[PDB]
Amino acid sequence: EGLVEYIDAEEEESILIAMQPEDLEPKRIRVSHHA
Amino acid sequence: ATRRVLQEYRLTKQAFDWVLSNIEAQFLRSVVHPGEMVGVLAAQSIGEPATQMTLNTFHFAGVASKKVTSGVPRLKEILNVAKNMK
Amino acid sequence: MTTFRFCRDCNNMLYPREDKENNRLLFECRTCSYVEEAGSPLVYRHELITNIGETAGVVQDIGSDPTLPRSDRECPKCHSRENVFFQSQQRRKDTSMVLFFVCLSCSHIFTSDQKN
Amino acid sequence: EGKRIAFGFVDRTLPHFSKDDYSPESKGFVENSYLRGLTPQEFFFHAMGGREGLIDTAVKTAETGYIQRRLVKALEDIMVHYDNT
Amino acid sequence: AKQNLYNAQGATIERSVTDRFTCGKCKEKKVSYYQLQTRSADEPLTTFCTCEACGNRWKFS
Amino acid sequence: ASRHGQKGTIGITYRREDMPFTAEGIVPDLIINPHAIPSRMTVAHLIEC
């Protein structure tokens, strides 16, 4: 259904990944990445 | 020295004789005993810290502009008497 | 800046030659009879150290690379505030850290170093 | 190797960053503590830092062993005599 | 001439300044430090302290 | 061994009478030394406990 994708160690050179899902919206120290 | 004895220590005659005798006795017991195998002692003394030297060799690796050989490779080159240093 | 010149007959590069009785330079092809007249006494050039300003390299369709950062600086030409920015793409050891900005709309290149 | 975490990929250090990033948190800086907890990226960088020392021990054991043997074999027959020489 | 005179200089290894360790040679606490994980991970980090006033060096582990 | 790189050997065994006890009559199945915590920085051992 195009919901997940298999990525090798070469295509990874041309992608961007948000580690937590909540990092995609606009204790420890977690920084808001500028991307 | 005389001034040091009379002014800093204030030793008497008995204490002075005791100090001189003790100094001579403790010196005479420090000479090396004939029969000692000093070669293996020296080799072990030099080469025991060489085993632990590896850990902290790369501290000069913390300075990139100071890429000068020291540590295990430098000791290796000294021992081999290499004719082409790095 | 010397430029290679090809013979019009067989596409081979033209070698220089001299004309003593007229004292003039010519370009001849060693395979055919074509001879052409040299326009300048500059035939070869050998520079040693390159005083080249650092270049952003390929720019075409650079706005579709999603691993390239962004900035809100204002365009000096089209007055747009969205653009892509990156460091010099030439990989010399001694290159400075001078940025390069490519505008999103007008595709205009500029730098963060505004030296007069 | 005496420097910050170099660019393993092209113009970055990890797929979660952006090209040409020089911020400290992106080049291997851990601002947390063992009591607080490490985030994944600084955990990875700490892992590489530890791997370096592990390798160091595991091999330079053998190199130092060889040097020690050569040294002891070279000097094994030296003795203080009764002439004090 | 000024630029050349500036460019003929060597790399200055300026070290971190601190005032906690006491030097054993001149006892001036202006002793620089450098600490790293170099000893076997069975033991904690190793520090090396160098006095910037006299040139003394020592290690703590 | 525990799950944090802290392993050792049994050095002596005691019976329930010589074991230090709490006010509730609980007794430690084993006793380890605290000189193993600082240089290893195994805070996860303490948190797991």
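Heads up, chain E uses Swiss-Prot numbers, so what you see runs 249-309.
The deposited model was determined using electron microscopy, 3.3 Å.
Any Cβ shown, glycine's included, is placed from N, Cα and C.
The zinc finger annotation in Swiss-Prot covers E:267-307. Marked as Zn(2+) binding site by Swiss-Prot: E:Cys271, E:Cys274, E:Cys299, E:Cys302.
All protein chains included, E:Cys274 (Zn(2+) binding site) registers 13 other Cβ atoms within 10 Å of its own Cβ. Fewest Cβ neighbours within 10 Å among the binding-site residues E:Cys271, E:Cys302: this applies to E:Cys302. In three-state terms derived from DSSP, E:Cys302 (Zn(2+) binding site) belongs to neither a helical nor a strand segment and is classed as coil.
Listed in chain order, the residues near the Zn(2+) site other than E:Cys271, E:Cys274, E:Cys299, E:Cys302 are E:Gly272, E:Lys273, E:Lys275, E:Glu276, E:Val279, E:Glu300, E:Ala301, E:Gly303, E:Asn304, each with its Cβ within 8 Å of the site Cβ centroid.
E:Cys299 (Zn(2+) binding site): 21 other CB atoms within 10 A of its CB, across all protein chains.
Using DSSP to sort the residues of the zinc finger (E:267-307) gives these counts of helix, strand and coil: 0 helix, 15 strand, 26 coil.
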